[PDB]
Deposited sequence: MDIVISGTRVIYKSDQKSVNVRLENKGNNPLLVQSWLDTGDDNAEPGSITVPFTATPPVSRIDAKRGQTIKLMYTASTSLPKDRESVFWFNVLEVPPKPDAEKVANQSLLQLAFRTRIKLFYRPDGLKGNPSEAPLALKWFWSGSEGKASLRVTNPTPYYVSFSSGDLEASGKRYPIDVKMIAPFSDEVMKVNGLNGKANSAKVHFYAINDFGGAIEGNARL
């Protein structure tokens, strides 16, 4: 992919009339580029310009705008996908990249960077897995995580966990519950940086 998005996620605070996302063409040829929002494969947003020509080594700011055509919840975050599809101007190959957009109503309890600490973790029985509960109004997203017991480490197939919900996450290479296990993880903050955390099962 020649088109690069500035940032690995977008935060859309509800009091903003719009939010900008920047695209850059790092490649050597110009590209036709489409930008849009969807729910992850209708959506109360526009992205403009929806189609642009971005020359080599030049860029384009995309304006994302909430339309309230549908009302989003005001008591929790909502997540969307910001998509970018490039194609060089017969038959032709093209490429698509997506990053998350979190719609964040103003005034939610607590802070999003603290939501990973608030997660509760449980063994999920029998093919080991964990049940994880998010008591907060924020998504929690991870870059990686693992379970450790008796000096052995087992990667977790981490998944994003929605506000006020449970998710089960698989533990790789572990048959069943281990004694005195601990979870360690790196969640992702608004700026794409790491939030380290841990929990004892």
What residue ranges of the deposited sequence are absent from the coordinates? 42-49, 98-108, 146-147
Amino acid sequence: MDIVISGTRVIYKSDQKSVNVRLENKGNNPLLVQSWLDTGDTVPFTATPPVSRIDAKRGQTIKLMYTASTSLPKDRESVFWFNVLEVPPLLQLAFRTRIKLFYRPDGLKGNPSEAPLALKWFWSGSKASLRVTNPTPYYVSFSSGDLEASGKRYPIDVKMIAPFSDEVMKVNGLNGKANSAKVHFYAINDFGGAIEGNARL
From here on, numbers count along this sequence of modelled residues.
Regarding 73-81 and 93-101, which shows the higher C-alpha temperature factor on average in the entry? 93-101
Which is higher on average in the deposited entry, the C-alpha temperature factors of 58-66 or of 139-147? 58-66
Go through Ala187, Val10, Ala178, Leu23 one by one and give the residue whose Cα B-factor in the PDB entry is largest. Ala178
By the recorded C-alpha temperature factor, relative to the other modelled residues in its chain, which third is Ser165 in? lowest
Taking the C-alpha B-factors as the PDB entry records them, is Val158 in the lowest, middle or highest third of its chain? lowest
Tertile call for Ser35 (CA temperature factor, within chain, third-based) is the middle
Among the modelled residues of its chain, does the C-alpha B-factor of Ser113 lie in the lowest, middle or highest third? lowest
Lowest, middle or highest third: where is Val4 by C-alpha B factor in its chain? middle
